[PDB]
file target_19.csv (CSV, C-alpha atoms and all ligand atoms)
chain,number,residue,atom,x,y,z
A,1,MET,CA,139.8,102.3,77.0
A,2,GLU,CA,143.0,104.1,75.5
A,3,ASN,CA,140.6,106.6,73.7
A,4,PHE,CA,140.0,108.3,77.2
A,5,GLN,CA,142.3,110.3,79.4
A,6,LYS,CA,141.1,109.8,83.0
A,7,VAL,CA,141.3,113.1,85.0
A,8,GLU,CA,140.0,112.2,88.5
A,9,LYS,CA,138.1,109.5,90.4
A,10,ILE,CA,134.5,110.8,91.1
A,11,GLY,CA,133.3,107.8,93.1
A,12,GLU,CA,130.7,104.9,92.9
A,15,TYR,CA,129.0,98.0,90.5
A,16,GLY,CA,132.3,99.7,89.5
A,17,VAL,CA,134.4,102.9,89.6
A,18,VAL,CA,133.5,106.3,88.0
A,19,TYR,CA,136.1,108.8,86.6
A,20,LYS,CA,135.8,112.2,85.1
A,21,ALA,CA,137.6,111.8,81.7
A,22,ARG,CA,138.3,113.4,78.4
A,23,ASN,CA,137.5,111.7,75.1
A,24,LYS,CA,140.8,112.1,73.1
A,25,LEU,CA,138.7,111.8,69.8
A,26,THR,CA,135.6,114.1,70.3
A,27,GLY,CA,137.3,116.3,72.9
A,28,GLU,CA,134.2,115.8,75.2
A,29,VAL,CA,134.5,115.7,79.0
A,30,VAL,CA,132.5,112.7,80.1
A,31,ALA,CA,132.0,110.4,83.2
A,32,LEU,CA,133.5,106.9,82.5
A,33,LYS,CA,132.3,104.0,84.6
A,34,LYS,CA,134.5,100.9,84.7
A,35,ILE,CA,132.4,97.8,85.5
A,50,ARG,CA,121.7,93.3,75.7
A,51,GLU,CA,120.2,94.9,78.9
A,52,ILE,CA,122.8,97.7,78.8
A,53,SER,CA,122.4,98.3,75.0
A,54,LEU,CA,118.7,98.6,75.8
A,55,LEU,CA,119.3,101.4,78.4
A,56,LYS,CA,121.2,103.4,75.7
A,57,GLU,CA,117.8,104.0,74.0
A,58,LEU,CA,116.1,105.0,77.2
A,59,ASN,CA,116.6,108.8,76.6
A,60,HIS,CA,114.9,111.6,78.7
A,61,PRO,CA,115.9,115.1,79.9
A,62,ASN,CA,115.8,113.8,83.5
A,63,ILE,CA,118.0,110.7,82.9
A,64,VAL,CA,121.8,111.0,82.7
A,65,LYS,CA,122.6,110.2,79.0
A,66,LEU,CA,124.5,107.0,78.4
A,67,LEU,CA,126.6,108.1,75.3
A,68,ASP,CA,128.5,104.8,74.6
A,69,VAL,CA,129.0,101.3,75.8
A,70,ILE,CA,132.5,99.8,75.3
A,71,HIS,CA,132.9,96.0,75.5
A,72,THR,CA,136.6,95.4,75.0
A,73,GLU,CA,139.0,92.9,76.7
A,74,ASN,CA,136.3,91.3,79.0
A,75,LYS,CA,135.6,94.5,81.1
A,76,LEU,CA,132.8,96.9,80.3
A,77,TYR,CA,133.1,100.8,80.2
A,78,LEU,CA,130.0,103.0,80.2
A,79,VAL,CA,130.5,106.6,78.9
A,80,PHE,CA,128.0,109.1,80.3
A,81,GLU,CA,127.4,112.8,79.9
A,82,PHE,CA,129.1,114.6,82.8
A,83,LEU,CA,127.2,116.6,85.5
A,84,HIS,CA,129.0,118.9,87.9
A,85,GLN,CA,127.2,118.3,91.2
A,86,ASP,CA,125.1,115.8,93.1
A,87,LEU,CA,122.1,116.4,95.4
A,88,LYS,CA,123.8,115.2,98.5
A,89,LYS,CA,126.6,117.7,98.2
A,90,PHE,CA,124.1,120.5,97.3
A,91,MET,CA,121.9,119.7,100.4
A,92,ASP,CA,125.1,119.7,102.6
A,93,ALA,CA,126.1,123.1,101.0
A,94,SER,CA,122.5,124.4,101.6
A,95,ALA,CA,122.0,123.1,105.2
A,96,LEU,CA,122.2,126.5,107.0
A,97,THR,CA,119.4,128.1,105.1
A,98,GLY,CA,117.8,125.1,103.3
A,99,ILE,CA,117.0,124.6,99.7
A,100,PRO,CA,114.2,127.2,98.7
A,101,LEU,CA,110.8,125.5,98.4
A,102,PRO,CA,110.3,126.5,94.7
A,103,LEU,CA,113.6,124.6,93.9
A,104,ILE,CA,112.6,121.6,96.1
A,105,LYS,CA,109.3,121.6,94.1
A,106,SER,CA,111.1,121.9,90.7
A,107,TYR,CA,113.5,119.0,91.5
A,108,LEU,CA,110.7,116.8,92.8
A,109,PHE,CA,108.6,117.5,89.7
A,110,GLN,CA,111.5,116.7,87.3
A,111,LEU,CA,112.4,113.4,89.1
A,112,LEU,CA,108.7,112.4,88.9
A,113,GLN,CA,108.9,113.1,85.2
A,114,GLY,CA,112.1,110.9,84.9
A,115,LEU,CA,110.4,108.1,86.9
A,116,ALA,CA,107.1,108.3,85.0
A,117,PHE,CA,109.2,107.8,81.8
A,118,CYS,CA,111.3,104.9,83.2
A,119,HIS,CA,108.3,103.2,84.8
A,120,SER,CA,106.3,103.4,81.5
A,121,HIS,CA,109.2,101.4,79.9
A,122,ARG,CA,109.0,98.8,82.8
A,123,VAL,CA,112.5,100.1,84.0
A,124,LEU,CA,113.0,100.5,87.8
A,125,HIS,CA,115.8,102.5,89.4
A,126,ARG,CA,115.8,100.4,92.7
A,127,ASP,CA,118.4,102.5,94.6
A,128,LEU,CA,117.5,106.2,94.5
A,129,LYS,CA,119.5,108.3,96.9
A,130,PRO,CA,120.8,111.9,97.0
A,131,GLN,CA,124.3,110.7,96.0
A,132,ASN,CA,123.0,109.5,92.6
A,133,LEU,CA,120.8,112.5,91.7
A,134,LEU,CA,122.9,114.8,89.5
A,135,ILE,CA,122.3,118.5,89.0
A,136,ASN,CA,123.5,121.3,86.5
A,137,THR,CA,123.7,125.1,86.5
A,138,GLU,CA,120.5,125.2,84.3
A,139,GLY,CA,118.1,124.0,87.1
A,140,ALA,CA,118.0,120.4,85.8
A,141,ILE,CA,118.2,117.2,88.0
A,142,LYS,CA,118.8,113.8,86.6
A,143,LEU,CA,118.5,110.1,87.6
A,144,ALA,CA,121.9,108.2,87.5
A,145,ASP,CA,123.4,104.8,88.6
A,146,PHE,CA,120.4,102.6,87.7
A,164,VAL,CA,125.4,100.1,102.0
A,165,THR,CA,122.9,103.0,102.6
A,166,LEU,CA,119.4,101.6,103.7
A,167,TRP,CA,117.8,105.0,104.4
A,168,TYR,CA,115.8,105.1,101.2
A,169,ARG,CA,114.8,101.5,101.0
A,170,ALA,CA,111.0,100.7,100.6
A,171,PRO,CA,109.4,98.5,103.3
A,172,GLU,CA,108.5,95.7,100.9
A,173,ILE,CA,112.2,95.3,100.0
A,174,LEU,CA,113.2,95.2,103.7
A,175,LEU,CA,110.4,92.6,104.3
A,176,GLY,CA,111.9,90.2,101.6
A,177,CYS,CA,109.6,90.8,98.6
A,178,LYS,CA,111.6,89.6,95.6
A,179,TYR,CA,109.2,90.8,92.8
A,180,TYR,CA,108.8,94.4,94.0
A,181,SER,CA,107.4,97.1,91.7
A,182,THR,CA,108.0,100.6,90.4
A,183,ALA,CA,106.4,101.8,93.8
A,184,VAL,CA,109.9,101.2,95.4
A,185,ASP,CA,111.2,104.3,93.5
A,186,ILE,CA,108.2,106.5,94.7
A,187,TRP,CA,109.1,105.5,98.4
A,188,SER,CA,112.8,106.5,97.9
A,189,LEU,CA,111.8,109.8,96.2
A,190,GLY,CA,109.3,110.5,99.1
A,191,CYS,CA,112.2,110.0,101.6
A,192,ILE,CA,114.4,112.4,99.6
A,193,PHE,CA,111.6,115.0,99.4
A,194,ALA,CA,111.2,114.9,103.2
A,195,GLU,CA,115.1,115.3,103.6
A,196,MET,CA,115.2,118.3,101.3
A,197,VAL,CA,112.4,120.0,103.3
A,198,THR,CA,113.7,119.2,106.9
A,199,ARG,CA,117.5,119.1,106.3
A,200,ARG,CA,117.6,115.7,108.1
A,201,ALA,CA,117.3,112.1,106.8
A,202,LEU,CA,113.8,110.8,107.4
A,203,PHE,CA,114.7,107.2,108.3
A,204,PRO,CA,118.5,107.0,109.0
A,205,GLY,CA,118.8,103.2,109.8
A,206,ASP,CA,122.2,101.5,110.2
A,207,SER,CA,120.8,97.9,109.8
A,208,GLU,CA,117.9,96.3,108.0
A,209,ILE,CA,115.9,95.8,111.2
A,210,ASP,CA,116.9,99.3,112.5
A,211,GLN,CA,115.7,100.8,109.1
A,212,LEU,CA,112.4,98.8,109.4
A,213,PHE,CA,111.9,99.8,113.0
A,214,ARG,CA,112.6,103.5,112.3
A,215,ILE,CA,109.9,103.4,109.6
A,216,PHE,CA,107.5,101.6,112.0
A,217,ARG,CA,108.1,104.1,114.8
A,218,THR,CA,107.1,107.0,112.5
A,219,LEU,CA,104.4,105.5,110.3
A,220,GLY,CA,103.1,102.8,112.7
A,221,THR,CA,103.7,99.0,112.6
A,222,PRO,CA,101.9,97.9,109.4
A,223,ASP,CA,99.1,95.4,109.7
A,224,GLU,CA,96.5,93.7,107.5
A,225,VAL,CA,94.2,96.7,107.7
A,226,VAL,CA,96.6,99.2,106.1
A,227,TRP,CA,98.7,96.6,104.2
A,228,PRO,CA,96.8,93.4,103.1
A,229,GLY,CA,99.3,90.6,102.7
A,230,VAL,CA,101.9,92.2,105.0
A,231,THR,CA,101.8,89.3,107.6
A,232,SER,CA,102.6,86.8,104.9
A,233,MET,CA,105.8,88.7,103.6
A,234,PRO,CA,109.0,86.5,103.8
A,235,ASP,CA,110.7,88.4,106.6
A,236,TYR,CA,107.6,89.6,108.5
A,237,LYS,CA,107.6,88.5,112.1
A,238,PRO,CA,104.5,88.4,114.3
A,239,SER,CA,106.9,89.3,117.1
A,240,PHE,CA,107.7,92.8,115.6
A,241,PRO,CA,106.8,95.5,118.2
A,242,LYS,CA,103.5,97.3,117.6
A,243,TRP,CA,104.0,101.1,117.4
A,244,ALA,CA,101.3,103.7,116.7
A,245,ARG,CA,101.4,106.1,113.7
A,246,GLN,CA,102.7,109.7,114.3
A,247,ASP,CA,101.1,112.8,112.6
A,248,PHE,CA,102.9,114.2,109.4
A,249,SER,CA,102.7,117.7,110.9
A,250,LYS,CA,105.4,116.5,113.4
A,251,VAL,CA,107.4,114.6,110.7
A,252,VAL,CA,108.0,117.3,108.1
A,253,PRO,CA,107.5,120.9,109.5
A,254,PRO,CA,107.2,123.4,107.8
A,255,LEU,CA,105.9,121.6,104.7
A,256,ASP,CA,102.5,123.0,103.7
A,257,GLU,CA,99.3,120.8,103.5
A,258,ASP,CA,99.6,120.1,99.8
A,259,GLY,CA,103.2,118.9,100.2
A,260,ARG,CA,102.3,116.8,103.3
A,261,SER,CA,99.3,115.2,101.4
A,262,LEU,CA,101.6,114.3,98.4
A,263,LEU,CA,104.3,113.0,100.8
A,264,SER,CA,101.7,110.8,102.7
A,265,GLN,CA,100.7,109.2,99.3
A,266,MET,CA,104.4,108.5,98.4
A,267,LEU,CA,104.8,106.8,101.8
A,268,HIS,CA,101.8,104.5,101.8
A,269,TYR,CA,102.8,101.0,103.1
A,270,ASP,CA,100.8,99.1,100.5
A,271,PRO,CA,102.8,99.4,97.2
A,272,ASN,CA,99.4,99.0,95.4
A,273,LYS,CA,98.0,102.1,97.2
A,274,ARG,CA,101.3,104.2,96.9
A,275,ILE,CA,100.9,107.0,94.4
A,276,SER,CA,102.4,106.4,90.9
A,277,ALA,CA,104.8,109.0,89.3
A,278,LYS,CA,102.2,109.9,86.7
A,279,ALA,CA,99.4,110.6,89.2
A,280,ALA,CA,101.9,112.5,91.5
A,281,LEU,CA,102.6,114.9,88.6
A,282,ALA,CA,98.9,115.9,88.7
A,283,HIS,CA,98.9,116.5,92.5
A,284,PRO,CA,97.8,120.1,93.6
A,285,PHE,CA,101.3,120.6,95.2
A,286,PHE,CA,102.6,121.2,91.6
A,287,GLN,CA,99.9,123.8,90.6
A,288,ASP,CA,102.5,126.6,90.9
A,289,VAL,CA,105.6,124.6,89.9
A,290,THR,CA,108.4,126.7,88.2
A,291,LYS,CA,112.0,126.0,87.1
A,292,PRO,CA,114.4,128.2,89.3
A,293,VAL,CA,118.1,128.4,88.8
A,294,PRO,CA,120.2,127.1,91.8
A,295,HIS,CA,123.2,128.8,93.3
A,296,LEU,CA,126.1,126.4,92.3
A,297,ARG,CA,129.7,127.0,93.4
A,298,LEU,CA,131.8,124.8,91.2
B,301,LIG,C1,127.6,106.8,91.9
B,301,LIG,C2,127.7,107.9,90.8
B,301,LIG,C3,129.2,108.4,90.8
B,301,LIG,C4,126.8,109.0,91.0
B,301,LIG,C5,127.5,107.2,89.4
B,301,LIG,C6,127.4,106.0,88.8
B,301,LIG,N1,127.0,106.1,87.5
B,301,LIG,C7,126.8,107.4,87.3
B,301,LIG,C8,126.4,108.2,86.1
B,301,LIG,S1,127.9,108.9,85.5
B,301,LIG,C9,128.0,110.6,86.1
B,301,LIG,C10,127.8,111.7,85.4
B,301,LIG,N2,128.2,112.9,86.0
B,301,LIG,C11,128.7,112.6,87.2
B,301,LIG,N3,129.1,113.6,88.0
B,301,LIG,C12,129.6,113.4,89.3
B,301,LIG,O1,129.6,112.3,89.8
B,301,LIG,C13,129.9,114.6,90.1
B,301,LIG,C14,131.4,114.9,90.0
B,301,LIG,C15,131.8,116.1,90.9
B,301,LIG,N4,131.3,115.8,92.3
B,301,LIG,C16,129.9,115.8,92.3
B,301,LIG,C17,129.4,114.5,91.5
B,301,LIG,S2,128.7,110.9,87.6
B,301,LIG,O2,127.1,108.1,88.4
call {"tool": "encode", "arguments": {"input": "target_19.csv", "output": "structure tokens"}}
result
Amino acid sequence: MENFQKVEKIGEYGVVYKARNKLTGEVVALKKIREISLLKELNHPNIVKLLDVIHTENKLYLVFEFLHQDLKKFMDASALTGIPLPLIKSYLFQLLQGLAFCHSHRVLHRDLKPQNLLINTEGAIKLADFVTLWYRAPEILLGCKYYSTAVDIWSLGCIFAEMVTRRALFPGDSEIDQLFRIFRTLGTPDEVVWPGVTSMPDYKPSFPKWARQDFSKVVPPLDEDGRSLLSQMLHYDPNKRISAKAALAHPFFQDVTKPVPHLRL
């Protein structure tokens, strides 16, 4: 720990500081807390690099490359005009690349949210930090303990909708409020759309029965290609929900580019 000069707390199972490495001179993010040593080899341009793992005097320190901004603050700074569609598309495409990589190594994020998506001046966006319920998949809320990579696609679909509309898609303040906000928009799931749903641990026959709404009302002014991709990322059935690899081939990305964002640091 003495090899690092903490400069400021930057938030957060632990606490994260911006710090300087007294040996290399590098400015890093230092998180104070075999599976971790395994994550050190999971390297990709859209995953925040874990530089070092320091296991000294019981506690564990994780040293990551430092990124200057997060998506939540960027969306808050862009709320008057909105993030330009080409930049939304670039960020979505990059996060799907990051997830396709994670998912092929049987690694799940499980808690994607704007606060843990980090951005730089070069147009890159990165997955980090592998309670806010807004981005939680319905199978998690219904008590599935052995959920899949599809939970990350759901969270990314919710984030996609929020970048487009400048409002949270499902802003619940309790597990049942979160579940009922999803049901009110997408319709109360049944055996037709989601086989096996009625046998989920926390499913109740007594849940109210709401009808589905059209996506044209849910994400205006998203074009037909975007709405089609979003609908596939928000399928109730995790086995029907689009994979990160298949989403990368969706027509919505035919004209994808890598714009540079306006970042005031
Ligand atoms: C929960 C959260 C803090 C996101 C976290 C846990 N583990 C990691 C990866 S370390 C990291 C790298 N660069 C980071 N930059 C920042 O937090 C920025 C600092 C200036 N304000 C905007 C955010 S944090 O991040």
call {"tool": "closest_residue", "arguments": {"input": "target_19.csv", "among": "A:58, A:25, A:263, A:143", "to": "ligand LIG 301 (chain B)", "atoms": "all atoms listed in the file"}}
result
A:143
call {"tool": "residues_around", "arguments": {"input": "target_19.csv", "residues": "residue 10 (chain A)", "least_positions_apart": "3", "cutoff": "12 Å", "atoms": "all atoms listed in the file", "output": "number ranges by chain"}}
result
A: 6-7, 16-21, 30-34, 82-86, 131-132
call {"tool": "closest_residue", "arguments": {"input": "target_19.csv", "among": "A:281, A:177, A:54, A:144", "to": "ligand LIG 301 (chain B)", "atoms": "only C-alpha atoms and all ligand atoms"}}
result
A:144
call {"tool": "residues_around", "arguments": {"input": "target_19.csv", "residues": "region 214-218 of chain A", "least_positions_apart": "2", "cutoff": "7 Å", "atoms": "all atoms listed in the file", "output": "ChimeraX atom specification"}}
result
/A:203,205,210-212,220-221,243,245-246
call {"tool": "residues_around", "arguments": {"input": "target_19.csv", "residues": "residue 106 (chain A)", "least_positions_apart": "5", "cutoff": "10 Å", "atoms": "only C-alpha atoms", "output": "number ranges by chain"}}
result
A: 101, 111-112, 139-141, 286, 288-293
call {"tool": "closest_residue", "arguments": {"input": "target_19.csv", "among": "A:278, A:129, A:169, A:260", "to": "ligand LIG 301 (chain B)", "atoms": "only C-alpha atoms and all ligand atoms"}}
result
A:129
call {"tool": "axis_aligned_box", "arguments": {"input": "target_19.csv", "around": "region 261-279 of chain A", "padding_each_side": "8 Å", "output": "JSON"}}
result
{"center_x": 101.4, "center_y": 107.1, "center_z": 94.9, "size_x": 22.8, "size_y": 32.2, "size_z": 32.4}
call {"tool": "residues_around", "arguments": {"input": "target_19.csv", "residues": "residue 276 (chain A)", "least_positions_apart": "6", "cutoff": "10 Å", "atoms": "only C-alpha atoms", "output": "MDAnalysis selection string"}}
result
chainID A and resid 112 115:116 119 182:183 185:186 265:266
call {"tool": "write_last_selection", "arguments": {"input": "target_19.csv", "atoms": "C-alpha atoms", "output": "compact mmCIF listing (two decimals), in the frame of the given file"}}
result
# COMPACT_ATOMS: atom_id res chain seq x y z
CA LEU A 112 108.70 112.40 88.90
CA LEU A 115 110.40 108.10 86.90
CA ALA A 116 107.10 108.30 85.00
CA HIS A 119 108.30 103.20 84.80
CA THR A 182 108.00 100.60 90.40
CA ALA A 183 106.40 101.80 93.80
CA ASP A 185 111.20 104.30 93.50
CA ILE A 186 108.20 106.50 94.70
CA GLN A 265 100.70 109.20 99.30
CA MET A 266 104.40 108.50 98.40
call {"tool": "residues_around", "arguments": {"input": "target_19.csv", "residues": "residue 59 (chain A)", "least_positions_apart": "6", "cutoff": "10 Å", "atoms": "all atoms listed in the file", "output": "VMD selection string"}}
result
chain A and resid 65 to 66 114 117 to 118
call {"tool": "closest_residue", "arguments": {"input": "target_19.csv", "among": "A:134, A:279, A:29, A:108", "to": "ligand LIG 301 (chain B)", "atoms": "all atoms listed in the file"}}
result
A:134
call {"tool": "atom_distance", "arguments": {"input": "target_19.csv", "atom1": "CA of residue 130 (chain A)", "atom2": "CA of residue 12 (chain A)"}}
result
12.8 Å
call {"tool": "closest_residue", "arguments": {"input": "target_19.csv", "among": "A:201, A:123, A:175, A:191", "to": "residue 233 (chain A)", "atoms": "all atoms listed in the file"}}
result
A:175
call {"tool": "atom_distance", "arguments": {"input": "target_19.csv", "atom1": "CA of residue 285 (chain A)", "atom2": "CA of residue 262 (chain A)"}}
result
7.1 Å
call {"tool": "atom_distance", "arguments": {"input": "target_19.csv", "atom1": "CA of residue 287 (chain A)", "atom2": "CA of residue 100 (chain A)"}}
result
16.8 Å
call {"tool": "closest_residue", "arguments": {"input": "target_19.csv", "among": "A:255, A:79, A:225, A:70", "to": "ligand LIG 301 (chain B)", "atoms": "all atoms listed in the file"}}
result
A:79
call {"tool": "residues_near_point", "arguments": {"input": "target_19.csv", "point": "(111.1, 100.6, 93.6)", "cutoff": "9 Å", "atoms": "all atoms listed in the file", "output": "ChimeraX atom specification"}}
result
/A:124-128,169-170,173,180-188
call {"tool": "build_atoms", "arguments": {"input": "target_19.csv", "residues": "region 166-192 of chain A", "atoms": "N, CA, C and O atoms", "output": "PDB file, in the coordinates of the input"}}
result
ATOM      1  N   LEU A 166     120.796 102.192 103.620  1.00  0.00           N
ATOM      2  CA  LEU A 166     119.400 101.600 103.700  1.00  0.00           C
ATOM      3  C   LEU A 166     118.324 102.666 103.847  1.00  0.00           C
ATOM      4  O   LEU A 166     117.152 102.309 103.820  1.00  0.00           O
ATOM      5  N   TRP A 167     118.693 103.948 104.019  1.00  0.00           N
ATOM      6  CA  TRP A 167     117.800 105.000 104.400  1.00  0.00           C
ATOM      7  C   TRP A 167     116.594 105.228 103.492  1.00  0.00           C
ATOM      8  O   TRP A 167     115.561 105.678 103.948  1.00  0.00           O
ATOM      9  N   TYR A 168     116.761 104.928 102.216  1.00  0.00           N
ATOM     10  CA  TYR A 168     115.800 105.100 101.200  1.00  0.00           C
ATOM     11  C   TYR A 168     115.080 103.884 100.686  1.00  0.00           C
ATOM     12  O   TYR A 168     114.260 103.942  99.757  1.00  0.00           O
ATOM     13  N   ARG A 169     115.351 102.750 101.353  1.00  0.00           N
ATOM     14  CA  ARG A 169     114.800 101.500 101.000  1.00  0.00           C
ATOM     15  C   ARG A 169     113.303 101.324 101.343  1.00  0.00           C
ATOM     16  O   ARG A 169     112.975 101.515 102.523  1.00  0.00           O
ATOM     17  N   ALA A 170     112.441 100.934 100.358  1.00  0.00           N
ATOM     18  CA  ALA A 170     111.000 100.700 100.600  1.00  0.00           C
ATOM     19  C   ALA A 170     110.778  99.534 101.548  1.00  0.00           C
ATOM     20  O   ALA A 170     111.583  98.594 101.606  1.00  0.00           O
ATOM     21  N   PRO A 171     109.664  99.563 102.320  1.00  0.00           N
ATOM     22  CA  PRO A 171     109.400  98.500 103.300  1.00  0.00           C
ATOM     23  C   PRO A 171     109.267  97.096 102.733  1.00  0.00           C
ATOM     24  O   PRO A 171     109.675  96.106 103.349  1.00  0.00           O
ATOM     25  N   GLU A 172     108.673  97.004 101.523  1.00  0.00           N
ATOM     26  CA  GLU A 172     108.500  95.700 100.900  1.00  0.00           C
ATOM     27  C   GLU A 172     109.849  95.035 100.541  1.00  0.00           C
ATOM     28  O   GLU A 172     109.957  93.816 100.639  1.00  0.00           O
ATOM     29  N   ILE A 173     110.891  95.826 100.247  1.00  0.00           N
ATOM     30  CA  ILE A 173     112.200  95.300 100.000  1.00  0.00           C
ATOM     31  C   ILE A 173     112.790  94.743 101.332  1.00  0.00           C
ATOM     32  O   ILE A 173     113.297  93.613 101.378  1.00  0.00           O
ATOM     33  N   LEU A 174     112.681  95.542 102.402  1.00  0.00           N
ATOM     34  CA  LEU A 174     113.200  95.200 103.700  1.00  0.00           C
ATOM     35  C   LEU A 174     112.495  93.940 104.300  1.00  0.00           C
ATOM     36  O   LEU A 174     113.113  93.196 105.065  1.00  0.00           O
ATOM     37  N   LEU A 175     111.233  93.717 103.914  1.00  0.00           N
ATOM     38  CA  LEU A 175     110.400  92.600 104.300  1.00  0.00           C
ATOM     39  C   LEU A 175     110.567  91.303 103.393  1.00  0.00           C
ATOM     40  O   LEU A 175     109.834  90.314 103.518  1.00  0.00           O
ATOM     41  N   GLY A 176     111.525  91.358 102.478  1.00  0.00           N
ATOM     42  CA  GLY A 176     111.900  90.200 101.600  1.00  0.00           C
ATOM     43  C   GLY A 176     111.043  89.978 100.355  1.00  0.00           C
ATOM     44  O   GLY A 176     111.095  88.869  99.805  1.00  0.00           O
ATOM     45  N   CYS A 177     110.321  90.981  99.855  1.00  0.00           N
ATOM     46  CA  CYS A 177     109.600  90.800  98.600  1.00  0.00           C
ATOM     47  C   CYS A 177     110.631  90.777  97.473  1.00  0.00           C
ATOM     48  O   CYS A 177     111.482  91.665  97.410  1.00  0.00           O
ATOM     49  N   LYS A 178     110.638  89.716  96.653  1.00  0.00           N
ATOM     50  CA  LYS A 178     111.600  89.600  95.600  1.00  0.00           C
ATOM     51  C   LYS A 178     111.149  90.195  94.269  1.00  0.00           C
ATOM     52  O   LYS A 178     111.978  90.610  93.447  1.00  0.00           O
ATOM     53  N   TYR A 179     109.820  90.271  94.077  1.00  0.00           N
ATOM     54  CA  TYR A 179     109.200  90.800  92.800  1.00  0.00           C
ATOM     55  C   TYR A 179     108.549  92.108  93.049  1.00  0.00           C
ATOM     56  O   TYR A 179     107.404  92.306  92.616  1.00  0.00           O
ATOM     57  N   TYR A 180     109.268  93.020  93.711  1.00  0.00           N
ATOM     58  CA  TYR A 180     108.800  94.400  94.000  1.00  0.00           C
ATOM     59  C   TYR A 180     108.583  95.202  92.683  1.00  0.00           C
ATOM     60  O   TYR A 180     109.086  94.842  91.615  1.00  0.00           O
ATOM     61  N   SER A 181     107.854  96.305  92.797  1.00  0.00           N
ATOM     62  CA  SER A 181     107.400  97.100  91.700  1.00  0.00           C
ATOM     63  C   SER A 181     108.042  98.466  91.625  1.00  0.00           C
ATOM     64  O   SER A 181     108.813  98.844  92.501  1.00  0.00           O
ATOM     65  N   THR A 182     107.614  99.236  90.625  1.00  0.00           N
ATOM     66  CA  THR A 182     108.000 100.600  90.400  1.00  0.00           C
ATOM     67  C   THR A 182     107.716 101.494  91.678  1.00  0.00           C
ATOM     68  O   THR A 182     108.318 102.551  91.835  1.00  0.00           O
ATOM     69  N   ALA A 183     106.770 101.068  92.548  1.00  0.00           N
ATOM     70  CA  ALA A 183     106.400 101.800  93.800  1.00  0.00           C
ATOM     71  C   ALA A 183     107.633 101.913  94.716  1.00  0.00           C
ATOM     72  O   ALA A 183     107.671 102.871  95.496  1.00  0.00           O
ATOM     73  N   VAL A 184     108.668 101.067  94.558  1.00  0.00           N
ATOM     74  CA  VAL A 184     109.900 101.200  95.400  1.00  0.00           C
ATOM     75  C   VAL A 184     110.563 102.548  95.162  1.00  0.00           C
ATOM     76  O   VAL A 184     111.151 103.115  96.077  1.00  0.00           O
ATOM     77  N   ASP A 185     110.504 103.034  93.908  1.00  0.00           N
ATOM     78  CA  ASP A 185     111.200 104.300  93.500  1.00  0.00           C
ATOM     79  C   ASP A 185     110.428 105.487  94.102  1.00  0.00           C
ATOM     80  O   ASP A 185     111.066 106.444  94.505  1.00  0.00           O
ATOM     81  N   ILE A 186     109.082 105.419  94.146  1.00  0.00           N
ATOM     82  CA  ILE A 186     108.200 106.500  94.700  1.00  0.00           C
ATOM     83  C   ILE A 186     108.559 106.624  96.213  1.00  0.00           C
ATOM     84  O   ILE A 186     108.689 107.758  96.703  1.00  0.00           O
ATOM     85  N   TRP A 187     108.690 105.474  96.925  1.00  0.00           N
ATOM     86  CA  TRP A 187     109.100 105.500  98.400  1.00  0.00           C
ATOM     87  C   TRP A 187     110.390 106.251  98.531  1.00  0.00           C
ATOM     88  O   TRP A 187     110.493 107.177  99.354  1.00  0.00           O
ATOM     89  N   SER A 188     111.437 105.814  97.786  1.00  0.00           N
ATOM     90  CA  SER A 188     112.800 106.500  97.900  1.00  0.00           C
ATOM     91  C   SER A 188     112.646 107.951  97.614  1.00  0.00           C
ATOM     92  O   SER A 188     113.209 108.757  98.344  1.00  0.00           O
ATOM     93  N   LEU A 189     111.920 108.337  96.538  1.00  0.00           N
ATOM     94  CA  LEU A 189     111.800 109.800  96.200  1.00  0.00           C
ATOM     95  C   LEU A 189     111.023 110.541  97.330  1.00  0.00           C
ATOM     96  O   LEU A 189     111.412 111.667  97.641  1.00  0.00           O
ATOM     97  N   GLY A 190     110.043 109.904  97.991  1.00  0.00           N
ATOM     98  CA  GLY A 190     109.300 110.500  99.100  1.00  0.00           C
ATOM     99  C   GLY A 190     110.290 110.766 100.278  1.00  0.00           C
ATOM    100  O   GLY A 190     110.256 111.824 100.917  1.00  0.00           O
ATOM    101  N   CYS A 191     111.168 109.831 100.541  1.00  0.00           N
ATOM    102  CA  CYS A 191     112.200 110.000 101.600  1.00  0.00           C
ATOM    103  C   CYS A 191     113.124 111.162 101.295  1.00  0.00           C
ATOM    104  O   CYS A 191     113.545 111.908 102.194  1.00  0.00           O
ATOM    105  N   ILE A 192     113.496 111.282 100.024  1.00  0.00           N
ATOM    106  CA  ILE A 192     114.400 112.400  99.600  1.00  0.00           C
ATOM    107  C   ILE A 192     113.736 113.711  99.687  1.00  0.00           C
ATOM    108  O   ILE A 192     114.337 114.664 100.165  1.00  0.00           O
TER     109      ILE A 192
END
